[PDB]
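Residue numbers (our numbering), protein chains in the order written: chain A, 77 to 604; chain B, 424 to 639; chain C, 344 to 557. All residues carry an ideal CB built from backbone N, CA and C; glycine is no exception. The structure appears right after this line, and notes come after that.
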Amino acid sequence: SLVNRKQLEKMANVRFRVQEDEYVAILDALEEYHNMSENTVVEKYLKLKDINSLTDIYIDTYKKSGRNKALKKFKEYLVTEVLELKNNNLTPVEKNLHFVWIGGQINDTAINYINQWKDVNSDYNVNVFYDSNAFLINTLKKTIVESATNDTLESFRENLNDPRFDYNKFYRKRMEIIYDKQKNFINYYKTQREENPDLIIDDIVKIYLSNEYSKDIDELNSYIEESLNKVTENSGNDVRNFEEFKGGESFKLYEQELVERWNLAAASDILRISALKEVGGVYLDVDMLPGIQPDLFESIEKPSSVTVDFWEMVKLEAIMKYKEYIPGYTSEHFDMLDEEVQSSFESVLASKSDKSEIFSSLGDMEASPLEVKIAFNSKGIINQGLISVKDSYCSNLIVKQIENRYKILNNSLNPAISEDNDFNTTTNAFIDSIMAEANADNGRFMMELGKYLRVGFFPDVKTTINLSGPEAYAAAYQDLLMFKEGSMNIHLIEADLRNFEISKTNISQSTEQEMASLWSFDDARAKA
Amino acid sequence: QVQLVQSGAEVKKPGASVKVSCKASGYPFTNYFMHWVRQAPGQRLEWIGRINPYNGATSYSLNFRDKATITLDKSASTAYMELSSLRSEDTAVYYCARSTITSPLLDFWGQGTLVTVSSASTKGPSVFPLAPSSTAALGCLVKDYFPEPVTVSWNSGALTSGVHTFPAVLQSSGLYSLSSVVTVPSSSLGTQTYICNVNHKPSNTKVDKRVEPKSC
Amino acid sequence: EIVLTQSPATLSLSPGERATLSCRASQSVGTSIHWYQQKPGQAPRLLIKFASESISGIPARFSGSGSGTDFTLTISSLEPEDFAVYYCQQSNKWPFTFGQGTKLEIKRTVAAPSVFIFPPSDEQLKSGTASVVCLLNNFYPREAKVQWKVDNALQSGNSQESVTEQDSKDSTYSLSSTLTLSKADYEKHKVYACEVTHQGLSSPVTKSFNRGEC
């Protein structure tokens, strides 16, 4: 438990020094903290937050004080208390698996993965979040990028068959065209909403494609009817029926990425956390599979020099080769093992006859009302897997992190797009605006926004990670452990973030669909 | 308990097709892969292919990738096995076996099904004597019949010690033929009473013809 | 394609002796080797899985071992019910293949055959062709040579043999060779002989007759 008032008095006792108001404030807050034995977990943390606030005040007021060492050590005790308050007061997790597929028809691959979770979690309610108003964003994004490609190939048509037109100069010349075609749709969209507010996105898109690119609406209507039917048969949950999310101040950020930027991934980062906050449960990317029974391959020792991802892929590749829960699965890694070690995997799987002996079930889980558990990989945290109770404190901090991070972006982006300038002038005007507002504490965050307009159309662009991605979760965790809000410069080490780790026993992360969907962007091909 | 009941014996002409069934019962059908294996007369076992329940995922052997097609009726817990361009060399027994995994670990097999491929048509066996005497041995000659098999038996089975019903031989004409012999000590209490109650099911033939030492 | 070569093709042993069956692979299969037992008229039965793992309901006298390319099936004490055919399959590589098998035969003392010859039937004589049968009754080993001689002139290409499975009581075999020929050819030669050579015979036995009469 946390140190008591009398102990802290003895801890920072300095003879021949006056009892400062800022000091007694710390003792008053700590004494009344130890009387909150009946309050909620959140209320207990909001108290430790004030205690830390007052301690930071004292240290900043009396910089040469002899109490500082004791109070700087007392600060560490407060962080320890938060983690103990986290790992000791646990409530049941809302048994809900949240998946997301928005802006297009759900893929057969995603449905297969999802069913694997259903088969081993019959007590969990599944929700595949879709947008009934926006099934054509994907085809729209594909229609414009494809037309923008041909227009870029029409130019440079004389030198595309020889060098001097590398993939670097091609994507640049193509983006300025995409920006004009993208800027044009947003104007038509914005003008159609004020003229007829009863229209949905799909109504604006399918008429926009029928005029500027000669698309058949009868084929688009049948694509919507097909996409709606397919997802409703698989635990579909319409975002337009998510009233709490649709009324909050984070819905414009969702529609900003969906309609204007066509970044379905970013719109999912915004949606997943708000759903987890309002309902609670477990979010999972569609390329995640249930955890493997720990005692399954216990007898096959892992090689010394291989990575963890290798072995996890081997385990899944072996399971799918011999049980075929997902047909056509790869074996790139299982085929790298000795013939005798392959026989070991084959043998153990031959002794198993049911899936419950292969994949584990989530079952009765419990988490702190303060925490949001996140997945881990060799690069750090990753929001492909999340576990949180309803209305957890971190989920609110994470939402606030994203909402605050989009303000800084849109504060410098809106004044640049409002002017009907080309891509190059907008980018330069957008970069000149971030470096002005850039203060020596959010530098890294601002250094990642200069590419915001090029997301989805360029290789190796990772701005989503900083806006709504894991970077915003790391900042939220820092907000918690630092008793503050609005963190921008991450100073947490791996050991700090491991307090919010999802156990590797609950998620199989190194799947084929995941190791194929990730970044692999040396794919300079040039088409034909 | 666990059973794999397969279709009855089939007889098709070259070119035609045939579908063998394999009904599984006594275990969760969706937990075991269904494999198929061939065995031509006096040859090794040949893995044809496999199908898994819960989905039509199939894998065939290279030799059978064109000739065979495996499907299932999950509603009935059965597996179907279709052969197309039937060749005479496809005459064999066809087993269905279950496996816990993709690769063939065939823990339980079926009785098998005999598919006979030939241009010959159904014909009953013509029996001829074989009863000289000069211990002495006498028998019968079940000649010219198609398709297999026949059930030769002697006097319903009163004295069966010493009976030898040889396996059928395939003649150039396309019909089968075998013999059934017996050893007896001539001078004993069995001067006569020696018949060959042969039976042929495909043709509906049940002839019991008696013969004994030739006349001089 | 992984070729599995089993050796020996035939193994002659008596109940109570030690049987050791080999299975060779053209390339390493790890330890994914299975053994099957098949008796005439029945479906294969699984004995050992993955080279050495035991199967339920299989007596302990059956055991397996091996790794890579060389695999062995051992039967400590042969029981009468163990004499049958044994196959090995590999499961580690596609397509999955079986061996040619090993026939496990009961070994007994040499038993000479009882040679008998039979002339055609009057029913068949007039009905097209004519069949002359030569019976080799209860003999061991299985190898035997039957030769048809017509007027001292041998015959071949116009005869077919058939051998029974090893008997359950005396462990002997039996062979029936049939000389098929038209009535015309049958009615233009005098002597029809069957010559039998076998390990149990000091010299070839020659049972024969002339155009059926007494």
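How many Å lie between residue i and residue j at the Cα?
| i | j | result |
| --- | --- | --- |
| A/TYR134 | A/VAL155 | 18 Å |
| B/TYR450 | A/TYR405 | 27 Å |
| B/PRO476 | C/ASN435 | 22 Å |
| C/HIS532 | B/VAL592 | 26 Å |
| A/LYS455 | A/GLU570 | 10 Å |
| A/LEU106 | A/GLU561 | 21 Å |
| B/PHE531 | A/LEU285 | 59 Å |
| A/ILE478 | A/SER375 | 45 Å |
| A/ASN317 | A/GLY180 | 18 Å |
| B/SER448 | B/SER544 | 36 Å |
| A/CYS470 | B/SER444 | 59 Å |
| A/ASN490 | A/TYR255 | 15 Å |
| A/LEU446 | B/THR492 | 57 Å |
| A/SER436 | A/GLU157 | 33 Å |
| A/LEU347 | A/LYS125 | 29 Å |
| A/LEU329 | C/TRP437 | 52 Å |
| C/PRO462 | C/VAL475 | 5 Å |
| A/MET441 | A/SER464 | 10 Å |
| A/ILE262 | A/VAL358 | 34 Å |
| A/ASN226 | A/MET389 | 39 Å |
| A/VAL355 | A/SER208 | 20 Å |
Any chance the CB of residue i is under 7 Å from a heavy atom of the ligand HEM?
| i | result |
| --- | --- |
| A/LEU78 | As far as ligands go, the structure on display features none, and thus does not contain the ligand HEM. |
Consult DSSP for residue i and reduce its assignment to one of helix, strand or coil.
| i | result |
| --- | --- |
| A/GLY519 | helix |
| A/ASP385 | helix |
| C/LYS492 | strand |
| A/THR185 | helix |
| A/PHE506 | helix |
| A/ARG337 | coil |
| C/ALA352 | coil |
| C/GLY409 | strand |
| A/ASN201 | strand |
| A/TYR206 | strand |
| A/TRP595 | coil |
| A/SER303 | helix |
| A/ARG240 | coil |
| C/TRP437 | coil |
| A/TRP177 | coil |
| A/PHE150 | helix |
| A/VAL281 | helix |
Among residues of its own chain, excluding the 5 on either side of residue i, which ones have a beta-carbon nearer than 6 Å to its beta-carbon?
| i | result |
| --- | --- |
| residue 419 of chain B | Residue 419 of chain B cannot be examined here, being either before or after the span of chain B that is shown, 424 to 639. |
| A/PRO546 | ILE457, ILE458 and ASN459 |
| B/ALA499 | none |
Report all residues from its chain with a CB closer than 8 Å to the CB of residue i; omit the five preceding and five following residues, and keep chain order.
| i | result |
| --- | --- |
| C/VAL493 | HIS532, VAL534, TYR535 and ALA536 |
| B/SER638 | none |
Use the C-beta contact count for residue i: other C-beta atoms within 10 angstroms, 16 or more gives buried, fewer gives exposed.
| i | result |
| --- | --- |
| A/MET523 | exposed |
| B/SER430 | buried |
| A/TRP177 | buried |
| A/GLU590 | buried |
| B/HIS587 | buried |
| C/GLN432 | buried |
| A/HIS409 | buried |
| A/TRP595 | exposed |
| A/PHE92 | exposed |
Go through its chain and collect everything with a Cβ distance to residue i's Cβ below 7 Å, but skip five positions before and after it.
| i | result |
| --- | --- |
| A/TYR265 | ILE280 and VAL335 |
| B/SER511 | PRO437, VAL540 and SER541 |
| A/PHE241 | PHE232 and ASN235 |
| C/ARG554 | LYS533 |
Query raised in the report: Per the contact definition of three or more C-beta pairs closer than 8 Å, is the segment 448–462 of chain B in contact with the segment 518–527 of chain B?
Result: A contact exists between the segment 518–527 of chain B and the segment 448–462 of chain B.
Query - Touch test, the segment 603–623 of chain B against the segment 546–562 of chain B, Cβ-Cβ under 8 Å, three pairs minimum - result: Taking a contact to require three or more Cβ pairs closer than 8 Å, the segment 603–623 of chain B and the segment 546–562 of chain B qualify as touching.
Query raised in the report: Is there contact here, the segment 575–593 of chain A with the segment 359–376 of chain A, by at least three beta-carbon pairs under 8 Å?
Result: Contact holds between the segment 575–593 of chain A and the segment 359–376 of chain A, because three or more Cβ pairs, one in each stretch, are under 8 Å apart.
Report task. Assess, as a yes-or-no matter, whether the segment 538–552 of chain A is touched by the segment 466–474 of chain A under the definition of 3 or more beta carbon pairs within less than 8 Å. Result -> Short answer: they touch.
**Report entry** the segment 161–179 of chain A in contact with the segment 192–203 of chain A per 3-pair CB rule at 8 Å
**Finding:** They touch, by the three-pair rule.
Query raised in the report: Quick one: any contact between the segment 496–505 of chain C and the segment 416–428 of chain C, if contact means 3 or more CB pairs under 8 Å?
Result: Because the criterion of three Cβ pairs below 8 Å is not met, the segment 496–505 of chain C and the segment 416–428 of chain C do not touch.
Query - Touch test, the segment 389–398 of chain A against the segment 363–381 of chain C, Cβ-Cβ under 8 Å, three pairs minimum - result: No, because fewer than three Cβ pairs between the segment 389–398 of chain A and the segment 363–381 of chain C fall closer than 8 Å, the two stretches do not touch.
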